[PDB]
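What follows is the content of input-v9.cif (mmCIF, C-alpha atoms and all ligand atoms).
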```
data_final
loop_
_atom_site.group_PDB
_atom_site.id
_atom_site.type_symbol
_atom_site.label_atom_id
_atom_site.label_comp_id
_atom_site.auth_asym_id
_atom_site.auth_seq_id
_atom_site.Cartn_x
_atom_site.Cartn_y
_atom_site.Cartn_z
ATOM 1 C CA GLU A 1 -34.479 -34.837 54.153
ATOM 2 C CA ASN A 2 -33.754 -38.531 53.612
ATOM 3 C CA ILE A 3 -33.140 -40.321 50.328
ATOM 4 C CA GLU A 4 -33.627 -44.069 50.189
ATOM 5 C CA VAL A 5 -31.439 -46.181 47.930
ATOM 6 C CA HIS A 6 -31.783 -49.899 47.180
ATOM 7 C CA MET A 7 -28.838 -52.281 46.601
ATOM 8 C CA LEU A 8 -29.935 -54.964 44.146
ATOM 9 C CA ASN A 9 -28.563 -58.004 42.370
ATOM 10 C CA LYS A 10 -30.454 -56.978 39.217
ATOM 11 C CA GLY A 11 -32.188 -53.792 38.130
ATOM 12 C CA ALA A 12 -33.127 -51.452 35.283
ATOM 13 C CA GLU A 13 -29.500 -51.098 34.253
ATOM 14 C CA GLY A 14 -28.613 -54.774 34.629
ATOM 15 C CA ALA A 15 -26.748 -56.754 37.281
ATOM 16 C CA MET A 16 -25.351 -55.357 40.568
ATOM 17 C CA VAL A 17 -26.838 -51.884 40.828
ATOM 18 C CA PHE A 18 -27.796 -49.059 43.192
ATOM 19 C CA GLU A 19 -31.271 -47.574 42.522
ATOM 20 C CA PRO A 20 -31.271 -44.680 42.122
ATOM 21 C CA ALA A 21 -27.647 -44.408 40.903
ATOM 22 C CA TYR A 22 -27.833 -40.639 40.804
ATOM 23 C CA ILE A 23 -28.647 -38.963 44.140
ATOM 24 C CA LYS A 24 -29.165 -35.189 44.579
ATOM 25 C CA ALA A 25 -28.839 -33.985 48.162
ATOM 26 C CA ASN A 26 -28.213 -30.899 50.263
ATOM 27 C CA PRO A 27 -25.790 -30.470 53.192
ATOM 28 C CA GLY A 28 -27.425 -32.052 56.229
ATOM 29 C CA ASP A 29 -29.456 -34.616 54.228
ATOM 30 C CA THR A 30 -29.215 -38.339 54.856
ATOM 31 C CA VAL A 31 -28.883 -41.124 52.327
ATOM 32 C CA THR A 32 -30.149 -44.508 53.465
ATOM 33 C CA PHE A 33 -28.768 -47.599 51.773
ATOM 34 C CA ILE A 34 -30.957 -50.679 52.054
ATOM 35 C CA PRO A 35 -29.640 -54.113 51.215
ATOM 36 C CA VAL A 36 -32.775 -55.550 49.588
ATOM 37 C CA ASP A 37 -30.614 -58.387 48.178
ATOM 38 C CA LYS A 38 -27.764 -59.700 50.394
ATOM 39 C CA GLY A 39 -24.086 -59.506 49.425
ATOM 40 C CA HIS A 40 -23.755 -55.700 49.158
ATOM 41 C CA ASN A 41 -22.165 -52.769 50.979
ATOM 42 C CA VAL A 42 -21.295 -49.119 50.345
ATOM 43 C CA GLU A 43 -17.866 -47.521 50.477
ATOM 44 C CA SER A 44 -16.485 -44.165 49.347
ATOM 45 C CA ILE A 45 -13.913 -44.327 46.494
ATOM 46 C CA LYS A 46 -10.397 -42.946 47.051
ATOM 47 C CA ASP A 47 -9.935 -39.442 45.698
ATOM 48 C CA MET A 48 -13.541 -39.430 44.444
ATOM 49 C CA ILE A 49 -15.194 -37.553 47.318
ATOM 50 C CA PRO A 50 -14.879 -33.832 48.104
ATOM 51 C CA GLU A 51 -11.926 -32.431 50.014
ATOM 52 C CA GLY A 52 -13.016 -32.154 53.642
ATOM 53 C CA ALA A 53 -15.321 -35.197 53.568
ATOM 54 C CA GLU A 54 -14.398 -38.244 55.607
ATOM 55 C CA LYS A 55 -14.311 -41.623 53.910
ATOM 56 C CA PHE A 56 -16.765 -44.338 54.899
ATOM 57 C CA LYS A 57 -17.366 -48.069 54.426
ATOM 58 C CA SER A 58 -20.431 -49.945 55.650
ATOM 59 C CA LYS A 59 -20.793 -53.595 56.715
ATOM 60 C CA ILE A 60 -21.988 -56.206 54.202
ATOM 61 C CA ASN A 61 -25.811 -56.471 54.346
ATOM 62 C CA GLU A 62 -26.113 -53.638 56.846
ATOM 63 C CA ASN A 63 -28.682 -50.850 56.541
ATOM 64 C CA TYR A 64 -26.480 -47.766 56.394
ATOM 65 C CA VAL A 65 -27.335 -44.126 56.971
ATOM 66 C CA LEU A 66 -24.929 -41.642 55.418
ATOM 67 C CA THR A 67 -25.005 -38.016 56.481
ATOM 68 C CA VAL A 68 -23.691 -35.702 53.742
ATOM 69 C CA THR A 69 -22.175 -32.378 54.717
ATOM 70 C CA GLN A 70 -19.437 -31.215 52.363
ATOM 71 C CA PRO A 71 -20.681 -29.925 49.036
ATOM 72 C CA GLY A 72 -19.486 -31.540 45.798
ATOM 73 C CA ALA A 73 -19.775 -34.932 44.121
ATOM 74 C CA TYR A 74 -19.203 -38.303 45.689
ATOM 75 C CA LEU A 75 -18.635 -41.561 43.779
ATOM 76 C CA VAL A 76 -19.440 -44.575 45.959
ATOM 77 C CA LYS A 77 -19.201 -48.292 45.253
ATOM 78 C CA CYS A 78 -20.184 -51.690 46.481
ATOM 79 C CA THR A 79 -16.751 -53.041 47.556
ATOM 80 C CA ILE A 80 -17.945 -56.509 46.573
ATOM 81 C CA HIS A 81 -19.237 -55.670 43.076
ATOM 82 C CA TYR A 82 -17.261 -52.594 41.996
ATOM 83 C CA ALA A 83 -15.694 -54.439 39.064
ATOM 84 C CA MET A 84 -19.178 -55.352 37.789
ATOM 85 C CA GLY A 85 -20.197 -51.678 37.753
ATOM 86 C CA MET A 86 -22.043 -51.282 41.074
ATOM 87 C CA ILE A 87 -21.714 -47.558 41.782
ATOM 88 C CA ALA A 88 -23.809 -44.512 42.665
ATOM 89 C CA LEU A 89 -23.057 -40.803 42.368
ATOM 90 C CA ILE A 90 -24.149 -38.410 45.093
ATOM 91 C CA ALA A 91 -24.174 -34.718 44.131
ATOM 92 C CA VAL A 92 -24.341 -32.371 47.132
ATOM 93 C CA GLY A 93 -25.305 -28.811 46.248
ATOM 94 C CA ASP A 94 -25.223 -27.188 42.812
ATOM 95 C CA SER A 95 -22.331 -27.243 40.328
ATOM 96 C CA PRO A 96 -20.162 -29.783 42.167
ATOM 97 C CA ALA A 97 -16.596 -28.558 41.742
ATOM 98 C CA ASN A 98 -14.969 -31.995 41.428
ATOM 99 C CA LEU A 99 -17.409 -33.677 39.020
ATOM 100 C CA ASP A 100 -15.283 -33.297 35.841
ATOM 101 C CA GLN A 101 -12.325 -34.661 37.812
ATOM 102 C CA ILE A 102 -14.369 -37.688 38.859
ATOM 103 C CA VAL A 103 -15.547 -38.338 35.308
ATOM 104 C CA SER A 104 -11.950 -38.235 34.055
ATOM 105 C CA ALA A 105 -10.508 -40.386 36.843
ATOM 106 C CA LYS A 106 -9.178 -43.894 36.296
ATOM 107 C CA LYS A 107 -11.760 -46.650 36.894
ATOM 108 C CA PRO A 108 -13.007 -49.951 35.399
ATOM 109 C CA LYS A 109 -14.532 -49.513 31.966
ATOM 110 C CA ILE A 110 -17.810 -51.019 33.117
ATOM 111 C CA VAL A 111 -18.079 -48.454 35.867
ATOM 112 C CA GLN A 112 -17.175 -45.636 33.453
ATOM 113 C CA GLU A 113 -20.040 -46.491 31.072
ATOM 114 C CA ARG A 114 -22.588 -46.576 33.917
ATOM 115 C CA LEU A 115 -21.289 -43.292 35.289
ATOM 116 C CA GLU A 116 -21.681 -41.641 31.878
ATOM 117 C CA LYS A 117 -25.278 -42.825 31.688
ATOM 118 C CA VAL A 118 -26.062 -41.460 35.158
ATOM 119 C CA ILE A 119 -24.901 -37.966 34.291
ATOM 120 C CA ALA A 120 -26.576 -38.101 30.856
ATOM 121 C CA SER A 121 -29.696 -40.263 31.014
ATOM 122 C CA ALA A 122 -29.908 -39.304 34.691
ATOM 123 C CA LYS A 123 -29.342 -35.545 34.841
HETATM 124 CU CU CU B 201 -22.727 -55.416 45.703
#
```

Write out the structure in this file as structure tokens.
Ligand SMILES: [Cu+2]
Amino acid sequence: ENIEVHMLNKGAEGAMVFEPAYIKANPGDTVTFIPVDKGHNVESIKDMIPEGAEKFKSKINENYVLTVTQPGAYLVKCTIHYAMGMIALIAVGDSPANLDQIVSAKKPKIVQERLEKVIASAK
């Protein structure tokens, strides 16, 4: 199945957000990122995707279809607005083995707070 995600300048959680910011998917699903506001992209974060997965980076303002195969958790960002907290978490399959590692990893304090809300007030 397909899961559609919007990239927005402003949303429920504030400025520069992905909606939804928590995405549950199964191997073989697709995640479609739609730039409803311009100035955004999607890129996988170094060491914050499962082992075996390839990294990716889309073009600014492009509609991007991501096919997820390897199970685990994926933290993705908007390259442009990562420092302002623009991130989304994709969880592929149940009990993603690297999720605690991702939560502990080093990242901007604004992104850390949003990530904690996605796993709490999101799952
Ligand atoms: Cu952005």

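When the PyMOL selection byres (((chain A and resi 74) around 8) and not hetatm) is run on the displayed coordinates, the residues it returns are residues 44, 48, 49, 50, 72, 73, 75, 76, 89, 90, 91 and 92 of chain A.
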
Protein and nucleic residues near ligand CU 201 (chain B), 7 Å, all atoms listed in the file, as a ChimeraX atom specification: /A:7,16,39-41,78-81,86

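Checking A:6, A:70, A:51, A:63 one by one against residue A:28, counting only C-alpha atoms, you find the shortest gap at A:70.
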
Compare A:33, A:18, A:56, A:82 by their minimum atom-to-atom distance to residue A:3, counting only C-alpha atoms, and give me the closest one. A:33

On this structure, which residues satisfy the PyMOL selection byres (((chain A and resi 25) around 7) and not hetatm), written as an mmCIF file with C-alpha atoms, in the frame of the given file?
```
data_model
loop_
_atom_site.group_PDB
_atom_site.id
_atom_site.type_symbol
_atom_site.label_atom_id
_atom_site.label_comp_id
_atom_site.auth_asym_id
_atom_site.auth_seq_id
_atom_site.Cartn_x
_atom_site.Cartn_y
_atom_site.Cartn_z
ATOM 1 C CA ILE A 23 -28.647 -38.963 44.140
ATOM 2 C CA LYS A 24 -29.165 -35.189 44.579
ATOM 3 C CA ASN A 26 -28.213 -30.899 50.263
ATOM 4 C CA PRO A 27 -25.790 -30.470 53.192
ATOM 5 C CA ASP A 29 -29.456 -34.616 54.228
ATOM 6 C CA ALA A 91 -24.174 -34.718 44.131
ATOM 7 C CA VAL A 92 -24.341 -32.371 47.132
ATOM 8 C CA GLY A 93 -25.305 -28.811 46.248
#
```

Convert the output of the PyMOL selection byres (((chain A and resi 119) around 12) and not hetatm) on the shown file into explicit residues, formatted as a PyMOL selection string. chain A and resi 21-24+73+75+88-91+99-100+102-103+112-118+120-123

Output as JSON the centre and edge lengths (Å, one decimal) of the box along x, y and z of the file that holds every listed atom of stretch 63-76 of chain A after adding 3 Å on each side.
```
{"center_x": -23.7, "center_y": -40.4, "center_z": 50.4, "size_x": 16.0, "size_y": 26.9, "size_z": 19.2}
```

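The coordinates place atom CA of residue A:43 at 7.7 Å from atom CA of residue A:55.
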
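Here atom CA of residue A:8 is placed at a distance of 6.2 Å from atom CA of residue A:36.
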
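Atom CA of residue A:106 is found 28.5 Å from atom CA of residue A:37.
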
Would you list the residues near (-19.2, -50.1, 39.3) (no more than 6 Å away, in the coordinates of the file, using only C-alpha atoms) as a VMD selection string? chain A and resid 82 to 87 111

Put stretch 18-123 of chain A into a file with C-alpha atoms, as a CSV table (one decimal), in the first residue's frame.
```
chain,number,residue,atom,x,y,z
A,18,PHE,CA,6.1,16.4,7.8
A,19,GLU,CA,2.4,15.3,8.3
A,20,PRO,CA,2.2,12.6,9.4
A,21,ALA,CA,5.6,12.5,11.2
A,22,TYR,CA,5.1,8.9,12.3
A,23,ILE,CA,4.7,6.5,9.4
A,24,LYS,CA,4.0,2.7,9.8
A,25,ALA,CA,4.7,0.6,6.8
A,26,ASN,CA,5.4,-3.0,5.7
A,27,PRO,CA,8.2,-4.2,3.3
A,28,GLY,CA,7.1,-3.4,-0.2
A,29,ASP,CA,5.0,-0.4,0.7
A,30,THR,CA,5.5,3.0,-0.8
A,31,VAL,CA,5.7,6.4,1.0
A,32,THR,CA,4.8,9.4,-1.2
A,33,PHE,CA,6.2,12.8,-0.1
A,34,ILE,CA,4.3,15.7,-1.5
A,35,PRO,CA,5.7,19.2,-1.4
A,36,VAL,CA,2.4,21.1,-0.7
A,37,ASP,CA,4.6,24.2,0.2
A,38,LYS,CA,7.8,24.8,-1.8
A,39,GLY,CA,11.3,24.7,-0.3
A,40,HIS,CA,11.3,21.1,1.0
A,41,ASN,CA,12.9,17.8,0.3
A,42,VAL,CA,13.5,14.4,1.9
A,43,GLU,CA,16.8,12.7,2.7
A,44,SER,CA,17.7,9.7,4.9
A,45,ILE,CA,19.9,10.6,8.0
A,46,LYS,CA,23.4,9.0,8.3
A,47,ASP,CA,23.4,6.0,10.6
A,48,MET,CA,19.7,6.4,11.2
A,49,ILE,CA,18.3,3.9,8.7
A,50,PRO,CA,18.5,0.1,9.0
A,51,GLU,CA,21.6,-1.9,7.9
A,52,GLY,CA,21.0,-3.1,4.4
A,53,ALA,CA,18.9,0.0,3.3
A,54,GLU,CA,20.3,2.3,0.7
A,55,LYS,CA,20.4,6.0,1.5
A,56,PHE,CA,18.2,8.5,-0.5
A,57,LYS,CA,17.8,12.2,-1.1
A,58,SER,CA,15.1,13.8,-3.2
A,59,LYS,CA,15.1,17.0,-5.2
A,60,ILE,CA,13.8,20.2,-3.7
A,61,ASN,CA,10.0,20.6,-4.4
A,62,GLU,CA,9.9,17.2,-6.1
A,63,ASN,CA,7.1,14.6,-5.5
A,64,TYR,CA,9.1,11.6,-4.3
A,65,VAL,CA,8.1,8.0,-4.0
A,66,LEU,CA,10.1,6.0,-1.5
A,67,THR,CA,9.9,2.2,-1.6
A,68,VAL,CA,10.7,0.6,1.8
A,69,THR,CA,12.1,-2.9,1.9
A,70,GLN,CA,14.4,-3.5,4.9
A,71,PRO,CA,12.6,-3.8,8.2
A,72,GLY,CA,13.5,-1.4,11.1
A,73,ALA,CA,13.2,2.3,11.8
A,74,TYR,CA,14.2,5.1,9.5
A,75,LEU,CA,14.7,8.8,10.6
A,76,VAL,CA,14.4,11.1,7.6
A,77,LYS,CA,14.8,14.9,7.3
A,78,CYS,CA,14.2,17.9,5.1
A,79,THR,CA,17.8,18.8,4.3
A,80,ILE,CA,16.8,22.4,4.1
A,81,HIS,CA,14.9,22.6,7.5
A,82,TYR,CA,16.5,19.8,9.6
A,83,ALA,CA,17.8,22.3,12.2
A,84,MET,CA,14.3,23.7,12.6
A,85,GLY,CA,13.0,20.2,13.5
A,86,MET,CA,11.6,18.9,10.1
A,87,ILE,CA,11.8,15.2,10.5
A,88,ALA,CA,9.6,12.1,10.1
A,89,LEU,CA,10.1,8.5,11.4
A,90,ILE,CA,9.2,5.5,9.3
A,91,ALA,CA,8.8,2.2,11.1
A,92,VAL,CA,8.9,-0.8,8.9
A,93,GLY,CA,7.6,-4.0,10.5
A,94,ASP,CA,7.1,-4.6,14.2
A,95,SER,CA,9.6,-4.0,17.0
A,96,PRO,CA,12.2,-2.1,14.9
A,97,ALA,CA,15.6,-3.3,16.1
A,98,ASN,CA,17.3,0.1,15.8
A,99,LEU,CA,14.7,2.4,17.3
A,100,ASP,CA,16.4,2.8,20.8
A,101,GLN,CA,19.6,3.5,19.0
A,102,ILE,CA,18.0,6.2,16.9
A,103,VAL,CA,16.4,7.8,19.9
A,104,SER,CA,19.7,7.9,21.7
A,105,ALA,CA,21.7,9.2,18.7
A,106,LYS,CA,23.2,12.7,18.5
A,107,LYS,CA,20.9,15.3,16.8
A,108,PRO,CA,19.7,18.9,17.2
A,109,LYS,CA,17.7,19.4,20.4
A,110,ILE,CA,14.7,20.7,18.4
A,111,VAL,CA,14.6,17.5,16.4
A,112,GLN,CA,15.0,15.4,19.6
A,113,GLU,CA,11.9,16.9,21.2
A,114,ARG,CA,9.8,16.3,18.1
A,115,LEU,CA,11.0,12.7,17.8
A,116,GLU,CA,10.1,12.1,21.4
A,117,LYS,CA,6.6,13.4,20.8
A,118,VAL,CA,6.2,11.2,17.7
A,119,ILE,CA,7.0,8.0,19.6
A,120,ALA,CA,4.8,9.1,22.6
A,121,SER,CA,1.9,11.2,21.4
A,122,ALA,CA,2.2,9.3,18.1
A,123,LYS,CA,2.5,5.6,19.0
```
